């Protein structure tokens, strides 16, 4: 992914967009109860704590495109992956406007509490002005689909979120591409049925974990896996992707019945963006906020691994590789050991930058003890060791409860966090609850006891 040009919105008639310039993240009741080092991300460039140039930094992700052509290993990957997906009897029919808009089995509705993107955002129009869930009316949407059509520019925003000190300094804030309501809707008519398939079928056939509940899914995963596991991290995954990859994805899509609508895939490859007072063209790179981006980035991952395999281990039978991706996150297994430091080398030739998993500063052996998926470890229940806890480290939970975007959320916020923390076990969780309750708000809350969570976790299993 790489910018082709950038110039001031007003030069070509596009409006300026003003994002709010101040974060909603205040310090929380529990700010000093817990220790933590993440702070709000950098939103503007007239900002003190910046240690280097802002814009220069947020855009450095678009490093370059590297390949242009699908090679034979990519074609092989494609073939193997495509034939995997045909096993699922996936409805290849367009989804009707009503189901696209308002949901159906396997796909939730458009979010009524989010921007409608271009151009509605430059006319103070909202989704609630067009969509209505209680009548599921389509008329005004079809009318707007006639009017503006599709393939509209995306609006760029900075994600307002907690961030590492290092990254606030280096200005490594994260970018959001606001999808047009129109484009979101066209995408769901074309691929709603594929989404509903993947959402229903997380595992090793899809290689996606989208649609899973970690509390119930962590128990199915080691069954689905092979023996020796491998994993790694990606640097700038989505931006790092390049045209050949989007081409290979189209080939999979052609192969499983969605051929008449692969041009839509071109519209994620070649994209135009509104960012504040500027306007830019990007070729290569998955955009952050498009419809499907979660499904599509996983598919492309299931293609990258398979490819790098085929390149790095001649004659390798991918018929025996077991993997699950959630976008760039991945947990992968082969019956025989595979060396991530090798794949990471091949990776370069495909424009991908692969580093060792979980920030561990050298390539060593993945094992159920140190492996991670969606920021969770795997840890078997002491009583029933076939039930696997998803375990997120307190450290992460600690950072979260220190800040808030609205204090009247505090009960829910903290409740949520408990639901996560207790997998660390009764000793850590009762102590969590102690620290919480050491402040007058803490004691005001209704928090569940360790007994209740365990009892409910087990009962959820049948």
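Numbering follows the first chain given and starts at 1.
For the pair 220 to 228 and 207 to 215, the record assigns the higher mean C-alpha temperature factor to 220 to 228. Once the C-alpha B-factors are averaged per stretch, 309 to 317 and 291 to 299 rank with 309 to 317 first. The entry lists C-alpha B-factors for 193, 180, 372, 365, and the highest of these is at 365.
In this structure the maximum Cα B-factor among 95, 176, 101, 332 is found at 332.
Remark: residue 349 belongs to the highest third of its chain, ranked by C-alpha B-factor as recorded. Per-chain ranking of the deposited C-alpha B factor places residue 400 in the middle third. When the modelled residues of the chain are ordered by their C-alpha B factor, residue 322 lands in the highest third. Residue 420 sits in the lowest third of its chain by CA B factor, as recorded in the PDB entry. When the modelled residues of the chain are ordered by their C-alpha B factor, residue 406 lands in the middle third.
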